[PDB]
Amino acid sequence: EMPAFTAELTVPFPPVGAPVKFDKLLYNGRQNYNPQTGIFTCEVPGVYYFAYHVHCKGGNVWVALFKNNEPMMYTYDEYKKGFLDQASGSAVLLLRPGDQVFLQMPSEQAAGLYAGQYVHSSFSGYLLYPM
């Protein structure tokens, strides 16, 4: 199997300051993604592509795609008074064996990450080129 996964969130407002535990799996080649931690751990060295889609409601939402402690990409969305919204992101990253990639909200002031049984926020990633 090649490293590739897609995980969905089905409960709104996950913890701030910790990897978002997307736990509904569609695929998880090589099991490099852990639904119990929300972290993708690099086993195969190379270039990867990650994508994420997060809904917003009740409050602003600020997320960052992390590679270990480093924020690689930031996505911010301001809640639209009374309505559900969404913001997305994607990025190509060169990963070293052991690198841990995940999505996380850095601020308690922007924790409006929404999700539901029929409204999936998600996180996907897969190997492009082995290095």
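Note that residue numbering follows the sequence shown and begins at 1.
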Out of 37-45 and 74-82, which one has CA B-factors that are higher on average in the deposited record?
74-82
Higher mean Cα B-factor in the deposited model: 28-36 or 48-56?
28-36
Assigned third (lowest, middle, highest) for the C-alpha B factor of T10
middle
Third of the chain's Cα B-factor distribution that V20 belongs to, per the entry
lowest
Assert third(CA B-factor, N68) within chain per record equals middle
